[PDB]
Amino acid sequence: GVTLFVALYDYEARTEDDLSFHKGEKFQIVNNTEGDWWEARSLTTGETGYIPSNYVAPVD
């Protein structure tokens with residue numbers, strides 16, 4: 001199903017393992033079966049790291 005998500009809000013990373021992003025930035029979800037921090041790849045930067053799951057929603 002849909003594994004592409006979009007940021008609903010801007011986010012500035014605290015720790016090195018988090019991605020910073022802007023509203024509208026898209027992500028390919030790598031793993032969301034762990035906690036509420038999801039592993040994801042930014043479609044803008046190509047980087048992979050962790051994002052707060054309640055900041056994103058599926059693109060469709």
Side-chain angles (χ1 to χ4, degrees), residues 1-11 13 15-60:
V2 179
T3 66
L4 256 51
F5 281 70
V6 59
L8 309 167
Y9 319 103
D10 286 10
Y11 174 75
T15 51
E16 200 175 351
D17 65 352
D18 298 338
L19 306 185
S20 293
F21 50 86
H22 295 291
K23 189 179 171 174
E25 194 161 342
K26 287 191 298 288
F27 301 85
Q28 173 72 259
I29 299 308
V30 169
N31 187 336
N32 58 11
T33 60
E34 298 288 345
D36 57 35
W37 286 80
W38 290 0
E39 191 178 7
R41 192 178 68 254
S42 162
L43 298 200
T44 301
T45 71
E47 304 291 347
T48 301
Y50 282 87
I51 65 171
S53 67
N54 287 309
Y55 282 57
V56 295
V59 305
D60 291 286

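These numbers come from the heavy atoms of this one structure, side chains and all, not from hydrogens, waters or symmetry mates. Residues: numbered from 1 along the sequence shown.
Closest non-hydrogen pair, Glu47 versus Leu19, comes out as O-CD1, 3.8 Å. Contact detail for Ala7 and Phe27: the closest heavy-atom pair is CB-CE1, 4.2 Å. Here the shortest heavy-atom pairing between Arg41 and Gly46 reads CG-O, 3.6 Å. Across every non-hydrogen atom of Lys23 and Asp10, the tightest pair is N-OD1, 2.7 Å. When all heavy atoms of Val30 and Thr48 are compared, the pair lying nearest together is CG2-CG2, 4.4 Å. For the pair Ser53 and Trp38, the tightest heavy-atom approach, listed with the atom from each and the gap, is CB-CE2, 3.2 Å.
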**OP:** In sequence, state the C-alpha distance, the side-chain angles, and the governing distance for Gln28 and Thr3, and then conclude on side chain to side chain contact (heavy atoms under 4.5 Å, CB included).
**Re:** CA-CA 6 Å; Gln28 173 72 259; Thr3 66; 2.6 Å; yes
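Taking the centre of each ring, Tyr55 and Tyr9 come in below the 6.0 Å mark.
Considering CG of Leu43 and CD of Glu25, their distance stands at 8.5 Å, rounded to 0.5 Å. One distance of note links CZ of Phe21 with CD1 of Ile51; it measures 5.5 Å at 0.5 Å rounding.
Counted by atom type alone, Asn31 and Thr33 present one or more donor-acceptor pairs between their side chains at under 3.5 Å.
The number of heavy-atom neighbours closer than 6.0 Å to CZ of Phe5, taken from other residues, nucleotides and ligands shown, is above 12.
At least one side-chain heavy atom of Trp37 sits under 4.5 Å from a side-chain heavy atom of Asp18.
For the pair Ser20 (side chain) and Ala13 (backbone), a donor-acceptor distance under 3.5 Å is present.
Taken together through direct or relayed side-chain contacts under 4.5 Å among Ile, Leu, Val, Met, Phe, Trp and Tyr, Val56 and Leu8 form part of one hydrophobic cluster.
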